[PDB]
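Beneath this line is the structure, given in structure tokens, with notes to follow.
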Amino acid sequence: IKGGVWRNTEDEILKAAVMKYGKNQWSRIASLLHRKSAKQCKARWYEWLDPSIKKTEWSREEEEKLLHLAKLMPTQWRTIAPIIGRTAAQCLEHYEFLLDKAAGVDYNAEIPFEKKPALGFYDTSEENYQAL
Amino acid sequence: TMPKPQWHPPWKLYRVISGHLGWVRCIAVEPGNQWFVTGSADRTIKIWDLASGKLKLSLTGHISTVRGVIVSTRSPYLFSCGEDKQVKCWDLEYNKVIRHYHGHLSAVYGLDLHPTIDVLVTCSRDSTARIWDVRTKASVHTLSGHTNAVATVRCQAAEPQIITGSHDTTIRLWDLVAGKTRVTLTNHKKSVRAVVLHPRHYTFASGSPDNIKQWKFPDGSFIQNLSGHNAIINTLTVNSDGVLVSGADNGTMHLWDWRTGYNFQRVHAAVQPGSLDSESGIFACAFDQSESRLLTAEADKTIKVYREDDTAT
Amino acid sequence: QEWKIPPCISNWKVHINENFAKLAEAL
Amino acid sequence: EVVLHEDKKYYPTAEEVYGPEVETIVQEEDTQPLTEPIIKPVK
Amino acid sequence: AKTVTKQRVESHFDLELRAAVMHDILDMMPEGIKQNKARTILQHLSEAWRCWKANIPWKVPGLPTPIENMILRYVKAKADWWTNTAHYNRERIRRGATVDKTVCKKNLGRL
Amino acid sequence: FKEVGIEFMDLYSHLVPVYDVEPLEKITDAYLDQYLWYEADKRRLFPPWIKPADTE
Amino acid sequence: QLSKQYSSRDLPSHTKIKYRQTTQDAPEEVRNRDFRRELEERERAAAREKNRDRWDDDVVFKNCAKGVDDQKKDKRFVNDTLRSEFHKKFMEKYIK
Amino acid sequence: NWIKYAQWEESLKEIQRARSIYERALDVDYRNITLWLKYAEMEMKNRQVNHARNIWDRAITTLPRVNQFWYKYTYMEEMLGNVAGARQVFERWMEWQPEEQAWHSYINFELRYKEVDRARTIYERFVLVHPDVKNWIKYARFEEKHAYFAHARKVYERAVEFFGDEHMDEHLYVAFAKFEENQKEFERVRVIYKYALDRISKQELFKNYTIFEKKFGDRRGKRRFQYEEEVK
Amino acid sequence: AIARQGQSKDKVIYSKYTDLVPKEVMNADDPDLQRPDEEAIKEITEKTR
Ligand SMILES: [Mg+2]
């Protein structure tokens, strides 16, 4: 019931919330949005919205590396995805794309505690000061 | 120098003993070279056979890190003090605590026994040191004075009975019966962590991160300045042979000629098999009664024993 | 300058072996 | 060659790091079990 | 005078760890002359300790190496204290000696 | 798939791992399991010597 | 200005001081002793003591357990809380 | 917090209160040099000369190493007109064997009045406290500035005598050469240049080169024989 | 005299530069540095006690 499609409003508000609160507090960020939970917010951050994620075409090297690795460790996408530097869902889609296109008074009264200054080789007798 | 002075033989590492789970902070040696004791962050006090290096006995009872340990000469006691706040007297006749000296407001960093009177002297983070009557568990005197934590305290029979230093970098000499300061030395720039009294000369030495100073007695005239090895240095200890050892937080240990400040040897020692390079350096170290063995307490949770090399020259 | 300390602003308050190739191609 | 995570050495042998001349012994447990006295009384 | 106790022990150990590092290093590290990063170095301490609790390798891009070897030292110490305490408590619960509501949940979290 | 939560049930002797999955994948996997065991039993995959067996 | 308050802890206990006796190891003995000789001879004794002390016609696999002699992992002490062998054993035991 | 409080009472001209505040602050942290400067300053602003005098004395007594206190103390006395007082202070200060700059300030102090003899006396102590070639040179130069050329020559003789063959180099010997050059003793200069050079280390190399250059210049002030010898 | 001001003449207080400056040697030993003696210690100890 809570599940559904992601909205530009929810997604931008997710950007701002993640910016303000920080990465480790999910319940606080899920509190602001409606119809979405904390798990969904976190996985939605790390899966897609995260700026460190690389959204662009795959170069030739990334295709060589992806194909080789996928033939090395079949069906393991969460192991391969960090090695090529792409999202697991993304490299999946691209792979099926490659096979697809490959064929109180202490203050104010009396001076709290008083230290009269000590007296030294000079005359302080005379000195007094003006009012305000 | 006087003339390329006092040739002493180098020391070598002889034995390494594991078997603490925490940092070993303190080593003491029993009056008869029978057993030497260690205090640890493990919260135990362990007693080790000097000869074989086997563990004899583990005591438990401190709540926190044991910082300081003394074995009385004239009575069969340990005294120990800890980060807990508690200074305890163990009767080694039963291996249990018989008295506890209560009253410091924070961790007690250090303690020592008057050699003839039967009074115990302790240092604490709370900036005081106390003179405790061993027999009645009573604060004879409280030595107010320093502005930071008192670190190392030594006790002597003659004049300035109590020699103490603190993290505020100044040494005060305390006149026991008055419980007041006779002398303030302010010649270290950084915290004084260790002091040591020379067995015969009537002089004393103090160590700071920056350098190590000797002093005349009483009243601490300046004498010498040993410069060389710069670390936060936790230990100064001296043989009747005039061998002064400086430990350090970076692991390093240097041996010195008490007379001249000739630093004959530098020992940098390997950290333990596991461990990490950073957990190096010796918290403290001591000399058996024969002056033939140097024992060190290290952050790599070991005890190392050094033996003077017989082929040497 | 050396003792400039990076502010500790709080956040609270990978390689692979080639043997996998030999194995996988073997199977 | 291959080492299972069952073994996989980290850190050199205890002995090797210090060198041969020193003796390195790991005391665990202890001996002279406690009812024994360090400092035994006169009789 | 107050006596260390079970209620106060964890607080006590961390109190005197903050003091241990503070006295040692600010009497050890210095020449800032004004105030040297005491609040800050301690915040690096708590940061590192959290990171080791989360098993996240903690590397600050700039930093003095004595400060770093410092933090790694004391942090490893507190780790040894915490871990040993965990082992011991699991032994007590295993034997069924201690009945406490808190130490069970805590000890669980630790393991 | 998405991340699985983990927690330890405490038997006071040995802890027991406990895993938490999102409901969708739990229904999917569940049907997968009933099916796999059903086909398996029909085809006589497992020989008799494996005995956390339904019969007894 | 000394208060008439008291406490349980404070009361007399162990008012006598146990002086060390002659066989316990009074300072008199200690002063006279040649420790170095004693320490050497004890050491030697210890050393001496130590010295004294010391079909299936069908299978996938030829013997795995050939030269596998335990290894000194429990002889190594490691100053690292998570890689100590004690910690491994603890971790092995209490998690499933 | 201490300081702001003191300042506020000072502004209301309740300076007896202010004094107590400063003293209380000192009890907390007597090493803090801003605190002491604010305290002394406050007294001076209110024309309380003798209070200020006391305070200055305390500051230098307890924190002798702080040069700021000494510089201000002497300045105050000079402003008050008490030259004798200032001299006394400087003599105390010099007992701490301070820093080149402090000695310069003492000398300059003397030189704001004629007092050349006093200045020279100070230099005599200074060049032994900090026996640096440069200081010796400076002392000689001082004499040159005031035309005591006889004494300047003697100073150079003393410097070279003192330093000896063991250690001396470029700078001092060059300076001496320049002095005699200016005295129009060209032959003597060559004697000095040659004899003293041969008597000591020569080649270090850079120093030697510099010396050579100087010599050449002096000469200038058939004859390009070493041009060929250096090249060959 | 500033510094002493609070205290009695008897009680010492270091202030001059000379105090700070080092004094050398004193030989292997001299009567100058020694532990009062047995007998002084006994007197002090007893009075203290
Ligand atoms: Mg409560």
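These residue numbers are counts, starting from 1, taken along the chain as shown.
Looks like electron microscopy, 4.9 Å, at least that's what the header says.
Heads up, the Cβ atoms here are built off N, Cα and C, so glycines get one too.
Here is what Swiss-Prot says about this protein:
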MOD_RES   B:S18  phosphoserine
REPEAT    B:19-58  repeat 'WD 1'
REPEAT    B:61-100  repeat 'WD 2'
REPEAT    B:103-142  repeat 'WD 3'
REPEAT    B:145-184  repeat 'WD 4'
REPEAT    B:187-227  repeat 'WD 5'
MOD_RES   B:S208  phosphoserine
REPEAT    B:228-266  repeat 'WD 6'
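When Cβ-Cβ distances below 8 Å are used as the criterion, the repeat 'WD 4' (B:145-184) is approached by residues 106, 109-116, 121-129, 131, 190-197, 202, 204, 206, 208, 217-220 of the same chain, each at least six residues removed from its ends.
Listed by sequence, the residues of this chain that lie at least six past the ends of the repeat 'WD 5' (B:187-227) yet keep a Cβ under 8 A from its Cβ atoms are 148, 151-152, 154, 156, 158-160, 163-171, 173, 233-240, 244, 246, 256, 258, 261, 263. Annotation for B:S208 (phosphoserine): same-chain Cβ neighbours under 8 Å, separated by at least 6 residues, are B:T169, B:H188, B:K189, B:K190, B:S191, B:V192, B:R193, B:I233. For B:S18 (phosphoserine), the same-chain residues 6+ apart in sequence whose C-beta sits under 8 angstroms from its C-beta are B:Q272, B:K301, B:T302.
For the repeat 'WD 4' (B:145-184), DSSP puts the residue distribution at 0 helix, 21 strand, 19 coil. In the repeat 'WD 2' (B:61-100), helix, strand and coil residues by DSSP number 0 helix, 22 strand, 18 coil. Note: the repeat 'WD 3' (B:103-142) comprises 0 helix, 22 strand, 18 coil (DSSP; helix = H, G, I, strand = E, B).
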